[PDB]
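Heads up, model-v7.cif below (mmCIF, C-alpha atoms):
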data_work
loop_
_atom_site.label_atom_id
_atom_site.label_comp_id
_atom_site.auth_asym_id
_atom_site.auth_seq_id
_atom_site.Cartn_x
_atom_site.Cartn_y
_atom_site.Cartn_z
CA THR A 366 -15.01 5.00 -0.21
CA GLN A 367 -17.51 4.78 2.64
CA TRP A 368 -19.32 1.79 4.11
CA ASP A 369 -22.35 1.26 6.33
CA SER A 370 -23.41 -1.61 8.58
CA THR A 371 -26.15 -3.79 7.09
CA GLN A 372 -27.86 -6.94 8.36
CA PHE A 373 -25.26 -9.30 6.88
CA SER A 374 -22.39 -7.15 8.14
CA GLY A 375 -23.72 -7.20 11.71
CA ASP A 376 -23.48 -4.29 14.14
CA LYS A 377 -20.82 -1.62 14.58
CA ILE A 378 -18.48 -2.54 17.45
CA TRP A 379 -16.91 0.59 18.93
CA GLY A 380 -13.47 0.59 20.49
CA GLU A 381 -10.28 2.54 21.03
CA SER A 382 -6.95 2.43 19.18
CA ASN A 383 -4.46 -0.36 19.96
CA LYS A 384 -6.98 -2.01 22.29
CA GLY A 385 -8.15 -5.60 22.01
CA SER A 386 -8.42 -6.66 18.37
CA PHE A 387 -8.21 -3.12 16.98
CA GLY A 388 -5.20 -1.72 15.15
CA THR A 389 -3.18 1.44 15.61
CA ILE A 390 -3.64 4.97 14.27
CA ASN A 391 -0.68 6.65 12.56
CA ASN A 392 -0.64 10.34 11.70
CA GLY A 393 0.99 11.69 8.55
CA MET A 394 0.12 8.67 6.39
CA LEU A 395 -2.59 7.68 3.91
CA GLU A 396 -3.86 4.39 2.52
CA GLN A 397 -3.60 3.69 -1.20
CA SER A 398 -5.68 1.18 -3.13
CA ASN A 399 -4.97 -2.43 -2.19
CA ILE A 400 -4.53 -3.50 -5.81
CA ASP A 401 -1.69 -4.95 -7.86
CA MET A 402 -1.46 -3.61 -11.41
CA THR A 403 0.21 -6.76 -12.73
CA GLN A 404 -2.61 -8.96 -11.43
CA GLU A 405 -5.28 -6.58 -12.74
CA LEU A 406 -3.78 -6.52 -16.25
CA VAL A 407 -3.35 -10.31 -16.34
CA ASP A 408 -6.95 -10.78 -15.21
CA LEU A 409 -8.01 -8.30 -17.90
CA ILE A 410 -6.26 -10.39 -20.56
CA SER A 411 -7.81 -13.61 -19.27
CA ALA A 412 -11.29 -12.07 -19.13
CA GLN A 413 -10.92 -10.87 -22.72
CA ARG A 414 -9.89 -14.38 -23.76
CA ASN A 415 -12.92 -15.91 -22.01
CA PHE A 416 -15.23 -13.32 -23.59
CA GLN A 417 -13.83 -14.16 -27.04
CA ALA A 418 -14.33 -17.89 -26.40
CA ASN A 419 -17.95 -17.37 -25.33
CA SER A 420 -18.61 -15.17 -28.35
CA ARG A 421 -17.19 -17.93 -30.55
CA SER A 422 -19.56 -20.43 -28.94
CA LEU A 423 -22.51 -18.10 -29.52
CA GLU A 424 -21.46 -17.70 -33.15
CA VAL A 425 -21.34 -21.49 -33.50
CA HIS A 426 -24.87 -21.73 -32.08
CA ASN A 427 -26.12 -19.08 -34.51
CA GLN A 428 -24.44 -20.81 -37.46
CA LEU A 429 -26.04 -24.12 -36.50
CA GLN A 430 -29.47 -22.48 -36.26
CA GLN A 431 -29.01 -20.82 -39.65
CA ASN A 432 -27.88 -24.10 -41.21
CA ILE A 433 -31.00 -25.80 -39.84
CA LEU A 434 -33.11 -22.93 -41.21
CA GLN A 435 -31.80 -23.46 -44.76
CA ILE A 436 -33.57 -26.78 -45.29
CA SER B 2 6.99 0.32 -6.07
CA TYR B 3 5.70 1.94 -2.89
CA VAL B 4 8.43 0.19 -0.90
CA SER B 5 11.01 1.69 -3.25
CA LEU B 6 9.36 5.10 -2.86
CA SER B 7 9.58 4.72 0.92
CA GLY B 8 13.27 3.89 0.55
CA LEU B 9 13.78 6.97 -1.61
CA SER B 10 12.00 9.12 0.98
CA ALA B 11 14.14 7.70 3.79
CA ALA B 12 17.35 8.27 1.84
CA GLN B 13 16.34 11.83 1.01
CA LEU B 14 15.44 12.52 4.64
CA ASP B 15 18.87 11.30 5.73
CA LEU B 16 20.43 13.44 2.99
CA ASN B 17 18.54 16.50 4.23
CA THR B 18 19.57 15.82 7.83
CA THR B 19 23.23 15.54 6.82
CA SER B 20 22.94 18.70 4.73
CA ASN B 21 21.50 20.58 7.71
CA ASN B 22 24.31 19.30 9.93
CA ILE B 23 26.91 20.44 7.40
CA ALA B 24 25.25 23.84 6.91
CA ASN B 25 25.18 24.47 10.67
CA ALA B 26 28.91 23.70 11.00
CA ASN B 27 29.63 27.25 12.23
CA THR B 28 26.46 28.03 14.21
CA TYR B 29 27.25 28.58 17.89
CA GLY B 30 25.76 26.04 20.28
CA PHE B 31 24.17 23.96 17.53
CA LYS B 32 23.50 20.28 18.19
CA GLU B 33 23.62 17.78 15.34
CA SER B 34 20.71 15.57 14.30
CA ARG B 35 20.61 11.87 13.47
CA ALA B 36 17.99 10.11 11.35
CA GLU B 37 16.67 6.80 12.69
CA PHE B 38 14.33 4.59 10.68
CA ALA B 39 12.10 1.59 11.34
CA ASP B 40 10.64 -1.31 9.41
CA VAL B 41 6.99 -1.49 8.32
CA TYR B 42 4.81 -4.59 8.51
CA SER B 43 1.07 -5.17 8.25
CA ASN B 44 -1.02 -6.62 11.08
CA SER B 45 -4.09 -7.88 9.26
CA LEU B 46 -6.42 -10.31 11.02
CA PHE B 47 -5.66 -13.04 8.46
CA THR B 48 -1.98 -12.55 7.62
CA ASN B 49 -0.07 -15.29 5.82
CA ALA B 50 3.21 -13.84 7.19
CA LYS B 51 5.36 -16.51 5.54
CA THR B 52 3.93 -15.52 2.14
CA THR B 53 3.83 -11.76 2.78
CA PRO B 54 6.89 -9.56 2.13
CA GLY B 55 7.85 -6.41 3.99
CA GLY B 56 6.17 -3.04 3.75
CA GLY B 57 9.13 -0.74 3.23
CA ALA B 58 10.86 1.65 5.63
CA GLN B 59 9.31 4.36 7.81
CA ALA B 60 11.11 7.29 9.39
CA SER B 61 10.96 6.90 13.17
CA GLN B 62 12.45 10.13 14.54
CA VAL B 63 15.15 12.72 13.92
CA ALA B 64 17.39 12.56 16.97
CA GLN B 65 18.99 15.58 18.65
CA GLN B 66 22.31 14.19 19.91
CA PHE B 67 23.39 16.47 22.76
CA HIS B 68 27.01 15.45 23.20
CA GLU B 69 29.30 18.27 24.29
CA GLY B 70 30.82 20.22 21.42
CA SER B 71 34.23 21.78 21.09
CA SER B 72 34.99 25.16 22.65
CA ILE B 73 36.64 28.14 20.99
#
What does the file become when written as structure tokens?
Amino acid sequence: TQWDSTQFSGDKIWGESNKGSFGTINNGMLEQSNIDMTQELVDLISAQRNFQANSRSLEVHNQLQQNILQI
Amino acid sequence: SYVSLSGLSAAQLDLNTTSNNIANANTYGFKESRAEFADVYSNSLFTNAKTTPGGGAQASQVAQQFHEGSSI
């Protein structure tokens, strides 16, 4: 969970806490993942559905090729 | 669920403070404590605000009310 500054990112701008556009620093707390389990599971279901649809299309293509072959 | 966990933590902290106050009912010169809490809200650069709910409850401080006690 570490990042570095690349060309697209720009350059590291140093600053203090609660100064300018920076935020604040709180002791005794930690950050969890910024994810929502409901959204992740729903996206998982939708991705599986799309994968099944694409596999069906590929199967249709293969069946058409095999039908053409048997002539 | 983390907001509910924060609420549970705040309630348990208040419970512990009240338990300490009750336990120290006979200690000489003891001063009670009061639990004060505060709301939590994010300050992201691009915050929708109207479409963003709260962030739970955070314990602010445990006070040390110094009002004069009774004398025996």
Using the chain letters and residue numbers of this document, give as a PDB file with C-alpha atoms, keeping the file's coordinate frame the residues selected by the PyMOL selection byres ((chain A) within 12 of (chain B)).
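selection16.pdb was written with the following content:
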ATOM      1  CA  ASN A 383      -4.460  -0.360  19.960  1.00  0.00           C
ATOM      2  CA  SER A 386      -8.420  -6.660  18.370  1.00  0.00           C
ATOM      3  CA  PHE A 387      -8.210  -3.120  16.980  1.00  0.00           C
ATOM      4  CA  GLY A 388      -5.200  -1.720  15.150  1.00  0.00           C
ATOM      5  CA  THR A 389      -3.180   1.440  15.610  1.00  0.00           C
ATOM      6  CA  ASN A 391      -0.680   6.650  12.560  1.00  0.00           C
ATOM      7  CA  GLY A 393       0.990  11.690   8.550  1.00  0.00           C
ATOM      8  CA  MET A 394       0.120   8.670   6.390  1.00  0.00           C
ATOM      9  CA  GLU A 396      -3.860   4.390   2.520  1.00  0.00           C
ATOM     10  CA  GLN A 397      -3.600   3.690  -1.200  1.00  0.00           C
ATOM     11  CA  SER A 398      -5.680   1.180  -3.130  1.00  0.00           C
ATOM     12  CA  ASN A 399      -4.970  -2.430  -2.190  1.00  0.00           C
ATOM     13  CA  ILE A 400      -4.530  -3.500  -5.810  1.00  0.00           C
ATOM     14  CA  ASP A 401      -1.690  -4.950  -7.860  1.00  0.00           C
ATOM     15  CA  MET A 402      -1.460  -3.610 -11.410  1.00  0.00           C
ATOM     16  CA  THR A 403       0.210  -6.760 -12.730  1.00  0.00           C
TER      17      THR A 403
END
Where is the centre and how long are the edges: axis-aligned box on segment 388-398 of chain A, 4 Å on each side, Å to one decimal, as lines of an AutoDock Vina configuration file:
center_x = -2.3
center_y = 5.0
center_z = 6.2
size_x = 14.7
size_y = 21.4
size_z = 26.7
### Task
For the structure shown, which residues end up in the PyMOL selection byres ((chain B and resi 18-34) around 10)? Put them as a PyMOL selection string, please?
chain B and resi 12-17+35-37+62-73
Can you spit out the residues from that selection as an mmCIF file, in the coordinates of the input, using C-alpha atoms?
data_model
loop_
_atom_site.group_PDB
_atom_site.id
_atom_site.type_symbol
_atom_site.label_atom_id
_atom_site.label_comp_id
_atom_site.auth_asym_id
_atom_site.auth_seq_id
_atom_site.Cartn_x
_atom_site.Cartn_y
_atom_site.Cartn_z
ATOM 1 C CA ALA B 12 17.350 8.270 1.840
ATOM 2 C CA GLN B 13 16.340 11.830 1.010
ATOM 3 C CA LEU B 14 15.440 12.520 4.640
ATOM 4 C CA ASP B 15 18.870 11.300 5.730
ATOM 5 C CA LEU B 16 20.430 13.440 2.990
ATOM 6 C CA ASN B 17 18.540 16.500 4.230
ATOM 7 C CA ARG B 35 20.610 11.870 13.470
ATOM 8 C CA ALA B 36 17.990 10.110 11.350
ATOM 9 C CA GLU B 37 16.670 6.800 12.690
ATOM 10 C CA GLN B 62 12.450 10.130 14.540
ATOM 11 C CA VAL B 63 15.150 12.720 13.920
ATOM 12 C CA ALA B 64 17.390 12.560 16.970
ATOM 13 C CA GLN B 65 18.990 15.580 18.650
ATOM 14 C CA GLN B 66 22.310 14.190 19.910
ATOM 15 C CA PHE B 67 23.390 16.470 22.760
ATOM 16 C CA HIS B 68 27.010 15.450 23.200
ATOM 17 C CA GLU B 69 29.300 18.270 24.290
ATOM 18 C CA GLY B 70 30.820 20.220 21.420
ATOM 19 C CA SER B 71 34.230 21.780 21.090
ATOM 20 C CA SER B 72 34.990 25.160 22.650
ATOM 21 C CA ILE B 73 36.640 28.140 20.990
#
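One distance worth recording is that between atom CA of residue 59 of chain B and atom CA of residue 11 of chain B, which is 7.1 Å.
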### Task
Just the residues within 8 Å of segment 49-57 of chain B, please, counting only C-alpha atoms, with nothing from its chain fewer than 3 positions along; format it as a ChimeraX atom specification.
/B:3-5,7-8,40-43
Selected residues, C-alpha atoms, written as a PDB file, in the coordinates of the input, please.
ATOM      1  CA  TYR B   3       5.700   1.940  -2.890  1.00  0.00           C
ATOM      2  CA  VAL B   4       8.430   0.190  -0.900  1.00  0.00           C
ATOM      3  CA  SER B   5      11.010   1.690  -3.250  1.00  0.00           C
ATOM      4  CA  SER B   7       9.580   4.720   0.920  1.00  0.00           C
ATOM      5  CA  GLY B   8      13.270   3.890   0.550  1.00  0.00           C
ATOM      6  CA  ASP B  40      10.640  -1.310   9.410  1.00  0.00           C
ATOM      7  CA  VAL B  41       6.990  -1.490   8.320  1.00  0.00           C
ATOM      8  CA  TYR B  42       4.810  -4.590   8.510  1.00  0.00           C
ATOM      9  CA  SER B  43       1.070  -5.170   8.250  1.00  0.00           C
TER      10      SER B  43
END
### Task
Just give me the gap between atom CA of residue 39 of chain B and atom CA of residue 395 of chain A in Å, one decimal is fine.
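Straight-line distance from atom CA of residue 39 of chain B to atom CA of residue 395 of chain A works out to 17.6 Å.
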### Message
What does the structure give for the distance between atom CA of residue 368 of chain A and atom CA of residue 404 of chain A, in Å to one decimal?
### Response
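Atom CA of residue 404 of chain A lies at a distance of 25.2 Å from atom CA of residue 368 of chain A.
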Mind rebuilding segment 387-422 of chain A with N, CA and C atoms and writing that out as a PDB file, in the frame of the given file?
ATOM      1  N   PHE A 387      -8.351  -4.265  17.860  1.00  0.00           N
ATOM      2  CA  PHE A 387      -8.210  -3.120  16.980  1.00  0.00           C
ATOM      3  C   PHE A 387      -6.744  -2.876  16.639  1.00  0.00           C
ATOM      4  N   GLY A 388      -6.527  -2.102  15.584  1.00  0.00           N
ATOM      5  CA  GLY A 388      -5.200  -1.720  15.150  1.00  0.00           C
ATOM      6  C   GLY A 388      -4.750  -0.420  15.775  1.00  0.00           C
ATOM      7  N   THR A 389      -3.745   0.183  15.155  1.00  0.00           N
ATOM      8  CA  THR A 389      -3.180   1.440  15.610  1.00  0.00           C
ATOM      9  C   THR A 389      -3.513   2.550  14.615  1.00  0.00           C
ATOM     10  N   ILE A 390      -3.378   3.788  15.079  1.00  0.00           N
ATOM     11  CA  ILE A 390      -3.640   4.970  14.270  1.00  0.00           C
ATOM     12  C   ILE A 390      -2.327   5.729  14.116  1.00  0.00           C
ATOM     13  N   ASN A 391      -1.912   5.944  12.873  1.00  0.00           N
ATOM     14  CA  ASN A 391      -0.680   6.650  12.560  1.00  0.00           C
ATOM     15  C   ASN A 391      -1.016   7.948  11.848  1.00  0.00           C
ATOM     16  N   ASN A 392      -0.448   9.048  12.330  1.00  0.00           N
ATOM     17  CA  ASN A 392      -0.640  10.340  11.700  1.00  0.00           C
ATOM     18  C   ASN A 392       0.434  10.578  10.639  1.00  0.00           C
ATOM     19  N   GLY A 393       0.075  11.379   9.636  1.00  0.00           N
ATOM     20  CA  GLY A 393       0.990  11.690   8.550  1.00  0.00           C
ATOM     21  C   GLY A 393       1.055  10.656   7.449  1.00  0.00           C
ATOM     22  N   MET A 394       0.129   9.701   7.410  1.00  0.00           N
ATOM     23  CA  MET A 394       0.120   8.670   6.390  1.00  0.00           C
ATOM     24  C   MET A 394      -1.269   8.571   5.766  1.00  0.00           C
ATOM     25  N   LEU A 395      -1.327   7.941   4.595  1.00  0.00           N
ATOM     26  CA  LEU A 395      -2.590   7.680   3.910  1.00  0.00           C
ATOM     27  C   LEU A 395      -2.548   6.289   3.310  1.00  0.00           C
ATOM     28  N   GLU A 396      -3.728   5.715   3.109  1.00  0.00           N
ATOM     29  CA  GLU A 396      -3.860   4.390   2.520  1.00  0.00           C
ATOM     30  C   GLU A 396      -4.119   4.518   1.026  1.00  0.00           C
ATOM     31  N   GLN A 397      -3.354   3.777   0.231  1.00  0.00           N
ATOM     32  CA  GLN A 397      -3.600   3.690  -1.200  1.00  0.00           C
ATOM     33  C   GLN A 397      -4.515   2.501  -1.484  1.00  0.00           C
ATOM     34  N   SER A 398      -4.855   2.317  -2.753  1.00  0.00           N
ATOM     35  CA  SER A 398      -5.680   1.180  -3.130  1.00  0.00           C
ATOM     36  C   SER A 398      -4.899  -0.118  -2.946  1.00  0.00           C
ATOM     37  N   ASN A 399      -5.592  -1.138  -2.448  1.00  0.00           N
ATOM     38  CA  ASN A 399      -4.970  -2.430  -2.190  1.00  0.00           C
ATOM     39  C   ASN A 399      -5.058  -3.327  -3.427  1.00  0.00           C
ATOM     40  N   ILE A 400      -4.494  -2.818  -4.523  1.00  0.00           N
ATOM     41  CA  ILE A 400      -4.530  -3.500  -5.810  1.00  0.00           C
ATOM     42  C   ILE A 400      -3.106  -3.713  -6.291  1.00  0.00           C
ATOM     43  N   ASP A 401      -2.954  -4.674  -7.197  1.00  0.00           N
ATOM     44  CA  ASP A 401      -1.690  -4.950  -7.860  1.00  0.00           C
ATOM     45  C   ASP A 401      -1.910  -4.836  -9.359  1.00  0.00           C
ATOM     46  N   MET A 402      -1.213  -3.892  -9.997  1.00  0.00           N
ATOM     47  CA  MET A 402      -1.460  -3.610 -11.410  1.00  0.00           C
ATOM     48  C   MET A 402      -1.172  -4.823 -12.282  1.00  0.00           C
ATOM     49  N   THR A 403      -0.110  -5.564 -11.967  1.00  0.00           N
ATOM     50  CA  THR A 403       0.210  -6.760 -12.730  1.00  0.00           C
ATOM     51  C   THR A 403      -0.956  -7.747 -12.720  1.00  0.00           C
ATOM     52  N   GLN A 404      -1.497  -8.023 -11.533  1.00  0.00           N
ATOM     53  CA  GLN A 404      -2.610  -8.960 -11.430  1.00  0.00           C
ATOM     54  C   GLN A 404      -3.834  -8.448 -12.168  1.00  0.00           C
ATOM     55  N   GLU A 405      -4.116  -7.147 -12.058  1.00  0.00           N
ATOM     56  CA  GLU A 405      -5.280  -6.580 -12.740  1.00  0.00           C
ATOM     57  C   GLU A 405      -5.145  -6.722 -14.254  1.00  0.00           C
ATOM     58  N   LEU A 406      -3.966  -6.420 -14.802  1.00  0.00           N
ATOM     59  CA  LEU A 406      -3.780  -6.520 -16.250  1.00  0.00           C
ATOM     60  C   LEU A 406      -3.857  -7.972 -16.719  1.00  0.00           C
ATOM     61  N   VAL A 407      -3.274  -8.901 -15.956  1.00  0.00           N
ATOM     62  CA  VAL A 407      -3.350 -10.310 -16.340  1.00  0.00           C
ATOM     63  C   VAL A 407      -4.793 -10.795 -16.313  1.00  0.00           C
ATOM     64  N   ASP A 408      -5.542 -10.411 -15.278  1.00  0.00           N
ATOM     65  CA  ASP A 408      -6.950 -10.780 -15.210  1.00  0.00           C
ATOM     66  C   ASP A 408      -7.734 -10.153 -16.358  1.00  0.00           C
ATOM     67  N   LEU A 409      -7.364  -8.937 -16.758  1.00  0.00           N
ATOM     68  CA  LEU A 409      -8.010  -8.300 -17.900  1.00  0.00           C
ATOM     69  C   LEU A 409      -7.796  -9.120 -19.166  1.00  0.00           C
ATOM     70  N   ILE A 410      -6.562  -9.575 -19.383  1.00  0.00           N
ATOM     71  CA  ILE A 410      -6.260 -10.390 -20.560  1.00  0.00           C
ATOM     72  C   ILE A 410      -7.061 -11.685 -20.530  1.00  0.00           C
ATOM     73  N   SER A 411      -7.090 -12.344 -19.371  1.00  0.00           N
ATOM     74  CA  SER A 411      -7.810 -13.610 -19.270  1.00  0.00           C
ATOM     75  C   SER A 411      -9.305 -13.425 -19.480  1.00  0.00           C
ATOM     76  N   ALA A 412      -9.869 -12.344 -18.936  1.00  0.00           N
ATOM     77  CA  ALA A 412     -11.290 -12.070 -19.130  1.00  0.00           C
ATOM     78  C   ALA A 412     -11.603 -11.801 -20.591  1.00  0.00           C
ATOM     79  N   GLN A 413     -10.724 -11.073 -21.284  1.00  0.00           N
ATOM     80  CA  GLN A 413     -10.920 -10.870 -22.720  1.00  0.00           C
ATOM     81  C   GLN A 413     -10.892 -12.194 -23.466  1.00  0.00           C
ATOM     82  N   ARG A 414      -9.961 -13.076 -23.104  1.00  0.00           N
ATOM     83  CA  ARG A 414      -9.890 -14.380 -23.760  1.00  0.00           C
ATOM     84  C   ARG A 414     -11.166 -15.181 -23.538  1.00  0.00           C
ATOM     85  N   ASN A 415     -11.680 -15.184 -22.304  1.00  0.00           N
ATOM     86  CA  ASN A 415     -12.920 -15.910 -22.010  1.00  0.00           C
ATOM     87  C   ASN A 415     -14.101 -15.313 -22.765  1.00  0.00           C
ATOM     88  N   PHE A 416     -14.164 -13.981 -22.844  1.00  0.00           N
ATOM     89  CA  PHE A 416     -15.230 -13.320 -23.590  1.00  0.00           C
ATOM     90  C   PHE A 416     -15.173 -13.710 -25.068  1.00  0.00           C
ATOM     91  N   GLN A 417     -13.971 -13.750 -25.643  1.00  0.00           N
ATOM     92  CA  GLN A 417     -13.830 -14.160 -27.040  1.00  0.00           C
ATOM     93  C   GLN A 417     -14.276 -15.607 -27.229  1.00  0.00           C
ATOM     94  N   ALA A 418     -13.920 -16.490 -26.294  1.00  0.00           N
ATOM     95  CA  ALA A 418     -14.330 -17.890 -26.400  1.00  0.00           C
ATOM     96  C   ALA A 418     -15.855 -18.018 -26.356  1.00  0.00           C
ATOM     97  N   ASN A 419     -16.496 -17.305 -25.428  1.00  0.00           N
ATOM     98  CA  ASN A 419     -17.950 -17.370 -25.330  1.00  0.00           C
ATOM     99  C   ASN A 419     -18.622 -16.799 -26.567  1.00  0.00           C
ATOM    100  N   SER A 420     -18.073 -15.713 -27.114  1.00  0.00           N
ATOM    101  CA  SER A 420     -18.610 -15.170 -28.350  1.00  0.00           C
ATOM    102  C   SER A 420     -18.474 -16.161 -29.496  1.00  0.00           C
ATOM    103  N   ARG A 421     -17.355 -16.888 -29.538  1.00  0.00           N
ATOM    104  CA  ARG A 421     -17.190 -17.930 -30.550  1.00  0.00           C
ATOM    105  C   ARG A 421     -18.249 -19.014 -30.396  1.00  0.00           C
ATOM    106  N   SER A 422     -18.527 -19.427 -29.158  1.00  0.00           N
ATOM    107  CA  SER A 422     -19.560 -20.430 -28.940  1.00  0.00           C
ATOM    108  C   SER A 422     -20.930 -19.932 -29.389  1.00  0.00           C
TER     109      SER A 422
END
